[PDB]
Amino acid sequence: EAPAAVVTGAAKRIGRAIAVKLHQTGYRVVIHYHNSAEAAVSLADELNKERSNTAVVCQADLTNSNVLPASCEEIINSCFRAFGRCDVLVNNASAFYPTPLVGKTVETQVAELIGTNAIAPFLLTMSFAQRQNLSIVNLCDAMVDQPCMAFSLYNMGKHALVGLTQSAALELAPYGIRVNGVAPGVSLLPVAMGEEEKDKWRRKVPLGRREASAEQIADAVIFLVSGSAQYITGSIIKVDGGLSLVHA
Amino acid sequence: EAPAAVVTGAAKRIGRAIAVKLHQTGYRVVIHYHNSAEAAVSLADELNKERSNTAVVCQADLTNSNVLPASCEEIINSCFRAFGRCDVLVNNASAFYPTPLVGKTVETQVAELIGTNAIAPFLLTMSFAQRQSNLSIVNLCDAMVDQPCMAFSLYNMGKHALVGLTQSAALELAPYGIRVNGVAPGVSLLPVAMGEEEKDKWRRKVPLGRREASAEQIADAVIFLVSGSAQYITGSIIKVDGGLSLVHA
Amino acid sequence: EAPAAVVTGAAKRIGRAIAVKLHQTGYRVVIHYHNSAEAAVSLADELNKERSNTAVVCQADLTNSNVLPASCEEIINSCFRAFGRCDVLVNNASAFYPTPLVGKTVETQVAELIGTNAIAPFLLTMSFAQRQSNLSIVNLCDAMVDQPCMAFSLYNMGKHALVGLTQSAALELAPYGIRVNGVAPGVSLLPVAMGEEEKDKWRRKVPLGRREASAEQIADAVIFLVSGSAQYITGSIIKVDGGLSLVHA
Amino acid sequence: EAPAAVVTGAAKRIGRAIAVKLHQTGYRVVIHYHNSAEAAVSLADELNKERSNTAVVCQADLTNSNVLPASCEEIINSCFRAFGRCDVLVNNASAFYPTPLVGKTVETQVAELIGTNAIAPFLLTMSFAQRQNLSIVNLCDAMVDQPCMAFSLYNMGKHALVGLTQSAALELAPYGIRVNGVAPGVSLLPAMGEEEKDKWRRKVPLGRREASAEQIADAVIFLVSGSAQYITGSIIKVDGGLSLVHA
Ligand SMILES: NC(=O)c1ccc[n+]([C@@H]2O[C@H](COP(=O)([O-])OP(=O)(O)OC[C@H]3O[C@@H](n4cnc5c(N)ncnc54)[C@H](OP(=O)(O)O)[C@@H]3O)[C@@H](O)[C@H]2O)c1
Ligand SMILES: NC(=O)c1ccc[n+]([C@@H]2O[C@H](COP(=O)([O-])OP(=O)(O)OC[C@H]3O[C@@H](n4cnc5c(N)ncnc54)[C@H](OP(=O)(O)O)[C@@H]3O)[C@@H](O)[C@H]2O)c1
Ligand SMILES: NC(=O)c1ccc[n+]([C@@H]2O[C@H](COP(=O)([O-])OP(=O)(O)OC[C@H]3O[C@@H](n4cnc5c(N)ncnc54)[C@H](OP(=O)(O)O)[C@@H]3O)[C@@H](O)[C@H]2O)c1
Ligand SMILES: NC(=O)c1ccc[n+]([C@@H]2O[C@H](COP(=O)([O-])OP(=O)(O)OC[C@H]3O[C@@H](n4cnc5c(N)ncnc54)[C@H](OP(=O)(O)O)[C@@H]3O)[C@@H](O)[C@H]2O)c1
Ligand SMILES: CC(C)c1nc2nc(N)nc(N)c2nc1C(C)C
Ligand SMILES: CC(C)c1nc2nc(N)nc(N)c2nc1C(C)C
Ligand SMILES: CC(C)c1nc2nc(N)nc(N)c2nc1C(C)C
Ligand SMILES: CC(C)c1nc2nc(N)nc(N)c2nc1C(C)C
């Protein structure tokens, strides 16, 4: 039968593109979402119209808390309940907002930014391994070493995700599970973002002076889960048009 | 008038060596501790005997929780209460134990390892910067972060997050004249209870001298980073590992 | 018109797999070689039997010297003269042997190791760019560059320079639509010649399957990078090492 | 006996600051230079005026060639000739200029940029080790991963120098020789004038100022000192946060 994948934060944008491209490759998919219920259901309907019984949605908040491990176990469980297997996990969901060093409480900021970007990936990785061409792909960030000003908590999360990618690649290799990352530079600028700000970001990218499409990011995910990546584990592929190479 | 420093997890081992060297350089010190109360009080006593009222102790669990931000604020507050100023913060305290992917619950392991290694350092950095010369913060990192111990994902995640904080905070606090740096030990001060035969196994791996670092050697790099000789150094992580991280499998 | 690629050191092993896989993908190929004349011609014959007029050979020493810039110019020229275009350059050729710090003279060792691994890639890159769709360059790097083989300083220096080239050329050539990326093998295709103890030693270190990479698995990463599926990827180095570089001493 | 140090490209700027600082800490120094004869002799004179017979100059081109190994061996030899010992080697000399991919020939550019920044440090390291608190400090670059546009050969050279620092740290550890790097960001602005200087200054998070030569030398002094006895294969960035700033 067809293999199955879980994509977190898959209702919209890059997660959606990844879900779509996995589905087109022949995967059954769990579209995880938090708030974007309408987009998630609409996406599932469309994939199911294409091939019957090949998409389900699964709602979960991925903020850190004492119940986060159970929420992550349930996400993996939902893939098994729908499809009887879980071959691919894609950790895409992410909170991203400034937390200056010098309104959400700081405890909430910690829980959202660290939970979504790192702890949930860890717990989902745990549940995925425990339930078992298996692989996990973590959505990282090409700019981790030249971070956005005042984004310390977000940056800490993405750094933690690099650590998880390496530790899990090492530990899960004996089980045949590969763990890799895809690190976007600037990708899919919101149509609603101010045009002046869009231009500012695009002007920075050496390759084409434009942001990645969501499909370009998805392409690298597709490579990593494929038979063409069978010896690749612990690798993080930047997909950033050379943005990380530009000095101040 | 003398500068003042907070050192977390300063009762024993590397934190102790750091507190002692800072004190010897002329700093007044807050000795933070968690369970090591006798060691901490004894250390403060020793330092105060050397110079009157230049050391205080401050107890706090640095596990992630709803009360962790207030706890970190109180650690910084304790430096100001005692000394009227806080010039240096050393984020040394750290939980370290395996968390295999395949009697603590996982949510507790997350809270302790991410809390001690990453979140508390963040909240302490926030309180330090907000409460404000040669100001700086030194984070105790790990030379082996990219070749981690098997089954230590949460620990390794916590230390990676700390590298991220060191960079983000260096960038953001530079306009405020606060430098933020790291010291990354390889193998240091193996536990006296570790069998010598196993101590020799890690020792044999170290290119420079086939031995682990003393706590004092780690402290030496901290002393440098807080000194006027490092006035243009920020966002830098100094490995103190005797070549360990350069050795292939 | 079918696109054309140059592969250096393509007569055998990994370079051969790259040439074969590019050819299978529809590329016409220049098979560069140094000493392996019989294998190079044999490979050309084989590919030409598959599709007429799709493979040629080009001999050159890639050791550094006063004549190297002309040699690299002629390698690129061979692609234009044969195929009327050059879309892809793969910098695979490499000298690899120990140069301890404490028959070849040291200046010869420098010329061979830095020439093959770094300077030739630079001059070929120069020639390729100046002679100019989906254009790209792939440099064969090394996943163990930061945990190098003992006594291989010159080899390691060359591979580090190659990372620098990959990055510098990615930045500079991005405006011309030329992408520049790397593939970094761990251990790959152990020779039968090598000892049974030595080969086992290396194999048992690889977390993912306790075996070396096949040449085809290395070639798969090259194919991805030159493909339309990597159109936004430049300055990236993809490790293909089965997790070898993650394993501590 | 006082320890002795070789500093390459030490007639001016950062090399001189390092030479001056080592001398002040008690070292006897070989001031290597290439073209800056007057400046080198002048520094040796000032240092010898402070302490008699504690400085000598040594001329050498560090461009790659077949005689480069002999030249590097002779630099180390000159320290032993003058001082009877050689405790510290600082690889500071560097060529730095653009070499675009698209009147110096390319073979000259390769020779100068790879020679000065990488091959000469390798050859000096060999000769330093062979001739034996011993250590080597390499002058690297904090911006190696966000390079100057059209400086590929320079960038390759400094990357090779990171590789040397790591390889030699590993290999020379059994011999008790530590090998470390100092990676400046922007330091000492000259050739260049204001306002281009102030364009660079505005980039630096920590004080919007370039590093002083003194600040770079401070980091060198630390790595050679007893306070760094367990540090080897480490590269210390001295860049005021410059490398942390995104485009
Ligand atoms: N776009 C870029 O320029 C860029 C750059 C670097 C890295 N990345 C990385 O690439 C990935 C995708 O980027 P993107 O722009 O598509 O991301 P995004 O739109 O910012 O986030 C994707 C999804 O994350 C989910 N999410 C947020 N908070 C959550 C929570 N508490 N619990 C569960 N889910 C939560 C949201 O789901 P709901 O909508 O259902 O609420 C959201 O749709 C992310 O990991 C991101 O960090 C992106
Ligand atoms: N030792 C090494 O080989 C090595 C290697 C790499 C990195 N490092 C890093 O260097 C630093 C010093 O190492 P070390 O071996 O001296 O450290 P350690 O003994 O393992 O821990 C230092 C202190 O951290 C405090 N701590 C632990 N859990 C805590 C909690 N939940 N709340 C508050 N404090 C807590 C403890 O205080 P109490 O005793 O008072 O309870 C302990 O004394 C650490 O950051 C470590 O990760 C060390
Ligand atoms: N194999 C591995 O485990 C491994 C590990 C890390 C990195 N890599 C990298 O992957 C690439 C392929 O590895 P490999 O093992 O297939 O390589 P290899 O067999 O060691 O060498 C490839 C070719 O390099 C050519 N070459 C050597 N010296 C030359 C010179 N002076 N001038 C021109 N060409 C010269 C040779 O051509 P002729 O035979 O025609 O003389 C040789 O066939 C290399 O860049 C290597 O550094 C490989
Ligand atoms: N200054 C910065 O902003 C900066 C930034 C990053 C890294 N760095 C690194 O820090 C170190 C010092 O910087 P700097 O600006 O003081 O250096 P520099 O002035 O550009 O050069 C130092 C010396 O190198 C010598 N040199 C150049 N070509 C030579 C050759 N072919 N053979 C022998 N010697 C040669 C010159 O000696 P003569 O004058 O005697 O001919 C020169 O005085 C260098 O390694 C540099 O790459 C500096
Ligand atoms: C498209 C814009 C709004 C954007 N959105 C992001 N979303 C997440 N989750 N993570 C990022 N690093 C992220 N980064 C950007 C850019 C600022 C790079
Ligand atoms: C002395 C031994 C038990 C040891 N203890 C440690 N403690 C903390 N907190 N962090 C480490 N990275 C750490 N690392 C080691 C060694 C394995 C290096
Ligand atoms: C399989 C053996 C002979 C081997 N051969 C190599 N050849 C080149 N050119 N480069 C390497 N890094 C290289 N590395 C190895 C192993 C030590 C991995
Ligand atoms: C002060 C200016 C002229 C400058 N000079 C340099 N000299 C050398 N040798 N190396 C550099 N990386 C170097 N870099 C700069 C800046 C452009 C950073």
# chains A, B, ... in the order shown; residues from 1 in each chain; ligands from 1
call {"tool": "interface_residues", "arguments": {"of": "chain B", "to": "chain C", "cutoff": "6 Å", "atoms": "only C-alpha atoms", "output": "NGL selection string"}}
result
:B and (147 or 246-249)
call {"tool": "write_last_selection", "arguments": {"atoms": "N, CA and C atoms", "output": "compact mmCIF listing (two decimals), in the first residue's frame"}}
result
# COMPACT_ATOMS: atom_id res chain seq x y z
N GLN B 147 28.86 16.52 18.13
CA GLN B 147 29.14 15.09 18.20
C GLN B 147 28.63 14.63 19.56
N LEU B 246 38.05 17.73 17.88
CA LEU B 246 38.69 17.54 16.57
C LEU B 246 38.96 16.09 16.20
N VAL B 247 38.71 15.19 17.14
CA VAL B 247 39.05 13.78 17.00
C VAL B 247 37.88 13.01 16.36
N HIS B 248 38.13 12.41 15.20
CA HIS B 248 37.10 11.58 14.55
C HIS B 248 36.80 10.26 15.29
N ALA B 249 35.66 9.66 14.98
CA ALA B 249 35.24 8.39 15.54
C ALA B 249 36.21 7.25 15.24
call {"tool": "interface_residues", "arguments": {"of": "chain B", "to": "chain D", "cutoff": "8 Å", "atoms": "only C-alpha atoms", "output": "ChimeraX atom specification"}}
result
/B:167,170-171,174-175,177,179,207-209,213,217,220-221,224,229-243,246-247
call {"tool": "write_last_selection", "arguments": {"atoms": "N, CA, C and O atoms", "output": "short mmCIF file (atom, residue, chain, number, x, y, z; two decimals), in the first residue's frame"}}
result
data_model
loop_
_atom_site.label_atom_id
_atom_site.label_comp_id
_atom_site.auth_asym_id
_atom_site.auth_seq_id
_atom_site.Cartn_x
_atom_site.Cartn_y
_atom_site.Cartn_z
N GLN B 167 24.43 34.08 20.88
CA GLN B 167 24.44 34.90 19.66
C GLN B 167 23.37 35.99 19.63
O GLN B 167 23.69 37.18 19.44
N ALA B 170 24.13 38.58 22.38
CA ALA B 170 25.29 39.39 21.98
C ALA B 170 24.83 40.50 21.01
O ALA B 170 25.15 41.68 21.18
N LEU B 171 24.05 40.11 20.00
CA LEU B 171 23.57 41.05 19.00
C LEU B 171 22.71 42.16 19.62
O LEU B 171 22.95 43.36 19.40
N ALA B 174 24.52 44.48 22.65
CA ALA B 174 25.71 45.25 22.29
C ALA B 174 25.49 46.76 22.39
O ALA B 174 26.36 47.45 22.91
N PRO B 175 24.33 47.28 21.91
CA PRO B 175 24.06 48.73 22.06
C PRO B 175 24.00 49.22 23.50
O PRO B 175 24.12 50.43 23.76
N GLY B 177 26.10 47.93 25.73
CA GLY B 177 27.46 47.73 26.21
C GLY B 177 27.63 46.45 26.99
O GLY B 177 28.60 46.29 27.74
N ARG B 179 28.48 42.61 26.73
CA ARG B 179 29.02 41.56 25.87
C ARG B 179 28.47 40.22 26.33
O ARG B 179 28.17 40.04 27.51
N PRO B 207 43.57 14.88 22.79
CA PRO B 207 44.92 15.03 22.22
C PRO B 207 45.94 15.74 23.11
O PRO B 207 47.08 15.30 23.22
N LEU B 208 45.54 16.83 23.75
CA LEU B 208 46.49 17.61 24.53
C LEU B 208 46.64 17.06 25.95
O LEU B 208 45.91 17.45 26.86
N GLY B 209 47.58 16.13 26.10
CA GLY B 209 47.97 15.66 27.42
C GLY B 209 47.24 14.44 27.93
O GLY B 209 47.54 13.97 29.02
N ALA B 213 40.19 18.60 31.54
CA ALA B 213 40.49 19.95 32.03
C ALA B 213 40.27 20.00 33.55
O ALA B 213 39.36 19.36 34.07
N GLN B 217 41.13 25.54 34.79
CA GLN B 217 41.39 25.83 33.37
C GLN B 217 40.15 26.37 32.66
O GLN B 217 40.26 27.26 31.81
N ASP B 220 39.66 29.91 33.91
CA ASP B 220 40.62 30.81 33.25
C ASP B 220 40.03 31.48 32.01
O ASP B 220 40.27 32.67 31.76
N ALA B 221 39.27 30.72 31.22
CA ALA B 221 38.66 31.26 30.00
C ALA B 221 37.54 32.23 30.35
O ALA B 221 37.36 33.24 29.68
N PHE B 224 39.17 35.52 31.42
CA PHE B 224 39.57 36.26 30.22
C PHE B 224 38.40 37.02 29.60
O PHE B 224 38.49 38.22 29.35
N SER B 229 40.66 42.73 28.67
CA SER B 229 41.41 42.18 27.53
C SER B 229 40.49 41.58 26.47
O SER B 229 40.97 41.15 25.42
N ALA B 230 39.19 41.52 26.77
CA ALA B 230 38.18 40.98 25.86
C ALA B 230 37.11 42.01 25.50
O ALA B 230 35.99 41.64 25.12
N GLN B 231 37.46 43.29 25.60
CA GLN B 231 36.51 44.40 25.43
C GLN B 231 35.79 44.47 24.08
O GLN B 231 34.72 45.06 24.00
N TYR B 232 36.38 43.90 23.02
CA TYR B 232 35.77 43.86 21.69
C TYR B 232 35.20 42.48 21.33
O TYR B 232 34.71 42.24 20.22
N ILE B 233 35.27 41.56 22.29
CA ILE B 233 34.79 40.18 22.07
C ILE B 233 33.34 40.03 22.51
O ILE B 233 33.00 40.14 23.70
N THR B 234 32.46 39.80 21.55
CA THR B 234 31.08 39.44 21.88
C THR B 234 30.52 38.46 20.83
O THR B 234 30.87 38.54 19.64
N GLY B 235 29.64 37.55 21.29
CA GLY B 235 29.10 36.48 20.46
C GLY B 235 30.09 35.35 20.17
O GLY B 235 29.87 34.54 19.27
N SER B 236 31.17 35.29 20.96
CA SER B 236 32.22 34.32 20.73
C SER B 236 32.13 33.18 21.73
O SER B 236 31.85 33.39 22.92
N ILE B 237 32.35 31.97 21.25
CA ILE B 237 32.36 30.82 22.13
C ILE B 237 33.75 30.20 22.07
O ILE B 237 34.19 29.75 21.01
N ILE B 238 34.44 30.22 23.20
CA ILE B 238 35.79 29.69 23.28
C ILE B 238 35.77 28.23 23.74
O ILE B 238 35.38 27.93 24.88
N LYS B 239 36.19 27.33 22.86
CA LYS B 239 36.40 25.93 23.25
C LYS B 239 37.59 25.80 24.20
O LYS B 239 38.66 26.36 23.95
N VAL B 240 37.41 25.06 25.29
CA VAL B 240 38.51 24.73 26.21
C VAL B 240 38.46 23.21 26.36
O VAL B 240 37.96 22.69 27.36
N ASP B 241 38.96 22.51 25.34
CA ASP B 241 38.71 21.07 25.23
C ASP B 241 39.94 20.20 24.93
O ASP B 241 39.80 18.99 24.71
N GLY B 242 41.13 20.80 24.92
CA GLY B 242 42.35 20.04 24.65
C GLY B 242 42.38 19.31 23.31
O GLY B 242 43.12 18.34 23.13
N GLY B 243 41.57 19.77 22.35
CA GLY B 243 41.52 19.16 21.03
C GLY B 243 40.47 18.06 20.89
O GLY B 243 40.33 17.50 19.81
N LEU B 246 38.05 17.73 17.88
CA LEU B 246 38.69 17.54 16.57
C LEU B 246 38.96 16.09 16.20
O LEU B 246 39.37 15.79 15.08
N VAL B 247 38.71 15.19 17.14
CA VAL B 247 39.05 13.78 17.00
C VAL B 247 37.88 13.01 16.36
O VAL B 247 36.78 12.95 16.92
#
call {"tool": "atom_distance", "arguments": {"atom1": "atom 2 (C, counted along the ligand's line) of ligand 5", "atom2": "atom CA of residue A:96"}}
result
8.7 Å
call {"tool": "residues_around", "arguments": {"residues": "residue B:222", "least_positions_apart": "2", "cutoff": "10 Å", "atoms": "only C-alpha atoms", "output": "list in words"}}
result
residues 18, 21, 22, 90, 137, 138, 139, 140, 181, 182, 183, 216, 217, 218, 219, 220, 224, 225, 226, 227 and 238 of chain B
call {"tool": "write_last_selection", "arguments": {"atoms": "N, CA and C atoms", "output": "mmCIF file, in the first residue's frame"}}
result
data_model
loop_
_atom_site.group_PDB
_atom_site.id
_atom_site.type_symbol
_atom_site.label_atom_id
_atom_site.label_comp_id
_atom_site.auth_asym_id
_atom_site.auth_seq_id
_atom_site.Cartn_x
_atom_site.Cartn_y
_atom_site.Cartn_z
ATOM 1 N N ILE B 18 35.008 28.983 39.110
ATOM 2 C CA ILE B 18 34.675 30.266 38.484
ATOM 3 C C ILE B 18 34.431 31.339 39.563
ATOM 4 N N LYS B 21 37.768 32.263 41.334
ATOM 5 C CA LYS B 21 38.651 33.092 40.521
ATOM 6 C C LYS B 21 38.138 34.521 40.354
ATOM 7 N N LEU B 22 36.829 34.680 40.154
ATOM 8 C CA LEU B 22 36.215 36.007 40.095
ATOM 9 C C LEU B 22 36.474 36.756 41.392
ATOM 10 N N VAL B 90 27.310 34.605 35.074
ATOM 11 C CA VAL B 90 27.866 33.345 34.543
ATOM 12 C C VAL B 90 26.802 32.256 34.639
ATOM 13 N N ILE B 137 28.215 38.748 30.092
ATOM 14 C CA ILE B 137 27.582 37.489 30.435
ATOM 15 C C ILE B 137 28.444 36.401 29.797
ATOM 16 N N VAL B 138 28.654 35.301 30.525
ATOM 17 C CA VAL B 138 29.413 34.160 30.018
ATOM 18 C C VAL B 138 28.548 32.915 30.199
ATOM 19 N N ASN B 139 28.241 32.249 29.092
ATOM 20 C CA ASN B 139 27.441 31.036 29.124
ATOM 21 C C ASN B 139 28.313 29.793 28.996
ATOM 22 N N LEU B 140 28.120 28.832 29.895
ATOM 23 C CA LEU B 140 28.869 27.581 29.822
ATOM 24 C C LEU B 140 28.209 26.663 28.816
ATOM 25 N N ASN B 181 29.221 36.015 25.802
ATOM 26 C CA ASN B 181 30.144 35.034 25.253
ATOM 27 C C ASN B 181 29.935 33.675 25.883
ATOM 28 N N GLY B 182 30.640 32.677 25.356
ATOM 29 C CA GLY B 182 30.524 31.305 25.839
ATOM 30 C C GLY B 182 31.885 30.677 26.074
ATOM 31 N N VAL B 183 31.903 29.739 27.004
ATOM 32 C CA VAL B 183 33.052 28.863 27.213
ATOM 33 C C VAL B 183 32.548 27.440 27.062
ATOM 34 N N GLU B 216 39.750 24.866 37.120
ATOM 35 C CA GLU B 216 40.500 26.126 37.060
ATOM 36 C C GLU B 216 40.825 26.529 35.633
ATOM 37 N N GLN B 217 41.126 25.545 34.795
ATOM 38 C CA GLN B 217 41.390 25.833 33.373
ATOM 39 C C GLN B 217 40.152 26.365 32.657
ATOM 40 N N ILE B 218 38.989 25.813 33.003
ATOM 41 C CA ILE B 218 37.712 26.326 32.502
ATOM 42 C C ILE B 218 37.512 27.735 33.046
ATOM 43 N N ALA B 219 37.742 27.918 34.352
ATOM 44 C CA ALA B 219 37.584 29.244 34.980
ATOM 45 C C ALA B 219 38.465 30.314 34.329
ATOM 46 N N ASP B 220 39.662 29.913 33.906
ATOM 47 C CA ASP B 220 40.618 30.815 33.253
ATOM 48 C C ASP B 220 40.029 31.483 32.006
ATOM 49 N N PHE B 224 39.169 35.521 31.422
ATOM 50 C CA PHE B 224 39.574 36.256 30.219
ATOM 51 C C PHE B 224 38.397 37.015 29.597
ATOM 52 N N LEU B 225 37.295 36.307 29.350
ATOM 53 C CA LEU B 225 36.120 36.891 28.690
ATOM 54 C C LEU B 225 35.472 38.054 29.452
ATOM 55 N N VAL B 226 35.525 38.014 30.782
ATOM 56 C CA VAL B 226 34.982 39.107 31.576
ATOM 57 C C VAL B 226 35.964 40.280 31.734
ATOM 58 N N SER B 227 37.242 40.047 31.401
ATOM 59 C CA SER B 227 38.317 41.041 31.575
ATOM 60 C C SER B 227 38.311 42.154 30.528
ATOM 61 N N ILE B 238 34.439 30.217 23.205
ATOM 62 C CA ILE B 238 35.792 29.686 23.282
ATOM 63 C C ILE B 238 35.767 28.230 23.742
#
call {"tool": "interface_residues", "arguments": {"of": "chain A", "to": "chain D", "cutoff": "7 Å", "atoms": "only C-alpha atoms", "output": "list in words"}}
result
residues 145, 146, 147, 204, 245, 246, 247 and 248 of chain A
call {"tool": "closest_atom_pairs", "arguments": {"of": "chain A", "to": "chain C", "cutoff": "7 Å", "atoms": "only C-alpha atoms", "output": "JSON lines"}}
result
{"residue": "A:166", "atom": "CA", "partner": "C:246", "partner_atom": "CA", "distance": 6.8}
{"residue": "A:169", "atom": "CA", "partner": "C:243", "partner_atom": "CA", "distance": 6.7}
{"residue": "A:170", "atom": "CA", "partner": "C:243", "partner_atom": "CA", "distance": 6.3}
{"residue": "A:173", "atom": "CA", "partner": "C:208", "partner_atom": "CA", "distance": 4.8}
{"residue": "A:174", "atom": "CA", "partner": "C:208", "partner_atom": "CA", "distance": 6.2}
{"residue": "A:176", "atom": "CA", "partner": "C:208", "partner_atom": "CA", "distance": 6.8}
{"residue": "A:206", "atom": "CA", "partner": "C:174", "partner_atom": "CA", "distance": 5.5}
{"residue": "A:207", "atom": "CA", "partner": "C:174", "partner_atom": "CA", "distance": 4.7}
{"residue": "A:208", "atom": "CA", "partner": "C:175", "partner_atom": "CA", "distance": 7.0}
{"residue": "A:212", "atom": "CA", "partner": "C:232", "partner_atom": "CA", "distance": 6.6}
{"residue": "A:216", "atom": "CA", "partner": "C:232", "partner_atom": "CA", "distance": 6.6}
{"residue": "A:219", "atom": "CA", "partner": "C:229", "partner_atom": "CA", "distance": 5.6}
{"residue": "A:228", "atom": "CA", "partner": "C:220", "partner_atom": "CA", "distance": 5.5}
{"residue": "A:231", "atom": "CA", "partner": "C:242", "partner_atom": "CA", "distance": 5.0}
{"residue": "A:232", "atom": "CA", "partner": "C:240", "partner_atom": "CA", "distance": 4.8}
{"residue": "A:233", "atom": "CA", "partner": "C:243", "partner_atom": "CA", "distance": 5.4}
{"residue": "A:234", "atom": "CA", "partner": "C:243", "partner_atom": "CA", "distance": 5.6}
{"residue": "A:235", "atom": "CA", "partner": "C:239", "partner_atom": "CA", "distance": 5.7}
{"residue": "A:237", "atom": "CA", "partner": "C:238", "partner_atom": "CA", "distance": 6.1}
{"residue": "A:238", "atom": "CA", "partner": "C:236", "partner_atom": "CA", "distance": 5.7}
{"residue": "A:239", "atom": "CA", "partner": "C:233", "partner_atom": "CA", "distance": 4.9}
{"residue": "A:240", "atom": "CA", "partner": "C:233", "partner_atom": "CA", "distance": 6.2}
{"residue": "A:241", "atom": "CA", "partner": "C:232", "partner_atom": "CA", "distance": 5.1}
{"residue": "A:242", "atom": "CA", "partner": "C:234", "partner_atom": "CA", "distance": 5.4}
{"residue": "A:245", "atom": "CA", "partner": "C:171", "partner_atom": "CA", "distance": 6.6}
call {"tool": "residues_near_ligand", "arguments": {"ligand": "ligand 5", "cutoff": "7 Å", "atoms": "only C-alpha atoms and all ligand atoms", "output": "list in words"}}
result
residues 94, 95, 96, 141, 185, 186, 187, 188, 189 and 190 of chain A
call {"tool": "select_by_dssp", "arguments": {"residues": "stretch 34-243 of chain D", "states": "strand (DSSP E or B)", "output": "list in words"}}
result
residues 55, 56, 57, 58, 59, 88, 89, 90, 91, 134, 135, 136, 137, 138, 139, 177, 178, 179, 180, 181, 182, 183, 184, 187, 211, 235, 236, 237 and 238 of chain D
call {"tool": "residues_near_ligand", "arguments": {"ligand": "ligand 7", "cutoff": "10 Å", "atoms": "only C-alpha atoms and all ligand atoms", "output": "PyMOL selection string"}}
result
chain C and resi 9+13-14+92-97+113+116-117+140-145+148-149+152+155-156+159+184-194+198-199+202-203+212-213+241
call {"tool": "residues_near_ligand", "arguments": {"ligand": "ligand 1", "cutoff": "6 Å", "atoms": "only C-alpha atoms and all ligand atoms", "output": "PyMOL selection string"}}
result
chain A and resi 9+11-15+33-36+60-63+92-95+112+116+139-141+184-188
call {"tool": "write_last_selection", "arguments": {"atoms": "C-alpha atoms", "output": "PDB file, in the first residue's frame"}}
result
ATOM      1  CA  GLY A   9       1.237  23.033  10.578  1.00  0.00           C
ATOM      2  CA  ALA A  11      -3.055  23.755   6.657  1.00  0.00           C
ATOM      3  CA  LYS A  12      -1.356  26.635   4.836  1.00  0.00           C
ATOM      4  CA  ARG A  13       1.826  28.040   3.274  1.00  0.00           C
ATOM      5  CA  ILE A  14       4.976  25.855   3.355  1.00  0.00           C
ATOM      6  CA  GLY A  15       3.401  22.958   5.353  1.00  0.00           C
ATOM      7  CA  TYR A  33      -3.130  22.192  12.167  1.00  0.00           C
ATOM      8  CA  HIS A  34      -3.789  24.357  15.216  1.00  0.00           C
ATOM      9  CA  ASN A  35      -6.037  27.338  14.348  1.00  0.00           C
ATOM     10  CA  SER A  36      -6.478  27.032  10.560  1.00  0.00           C
ATOM     11  CA  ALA A  60      -3.306  19.956  18.176  1.00  0.00           C
ATOM     12  CA  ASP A  61      -1.788  22.861  20.046  1.00  0.00           C
ATOM     13  CA  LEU A  62       2.017  22.347  20.092  1.00  0.00           C
ATOM     14  CA  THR A  63       2.771  24.865  22.850  1.00  0.00           C
ATOM     15  CA  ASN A  92       7.060  22.201  10.053  1.00  0.00           C
ATOM     16  CA  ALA A  93       4.795  23.930  12.614  1.00  0.00           C
ATOM     17  CA  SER A  94       6.391  27.034  14.167  1.00  0.00           C
ATOM     18  CA  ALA A  95       5.618  30.105  16.218  1.00  0.00           C
ATOM     19  CA  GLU A 112       4.980  28.705  22.380  1.00  0.00           C
ATOM     20  CA  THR A 116       6.555  24.596  18.626  1.00  0.00           C
ATOM     21  CA  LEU A 139      12.128  22.670   9.075  1.00  0.00           C
ATOM     22  CA  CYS A 140      15.074  24.679  10.319  1.00  0.00           C
ATOM     23  CA  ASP A 141      16.298  28.176   9.439  1.00  0.00           C
ATOM     24  CA  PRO A 184      14.744  27.996   4.350  1.00  0.00           C
ATOM     25  CA  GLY A 185      15.988  31.497   3.925  1.00  0.00           C
ATOM     26  CA  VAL A 186      13.212  33.966   3.211  1.00  0.00           C
ATOM     27  CA  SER A 187      10.237  32.012   1.756  1.00  0.00           C
ATOM     28  CA  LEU A 188       6.697  32.779   0.559  1.00  0.00           C
TER      29      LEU A 188
END
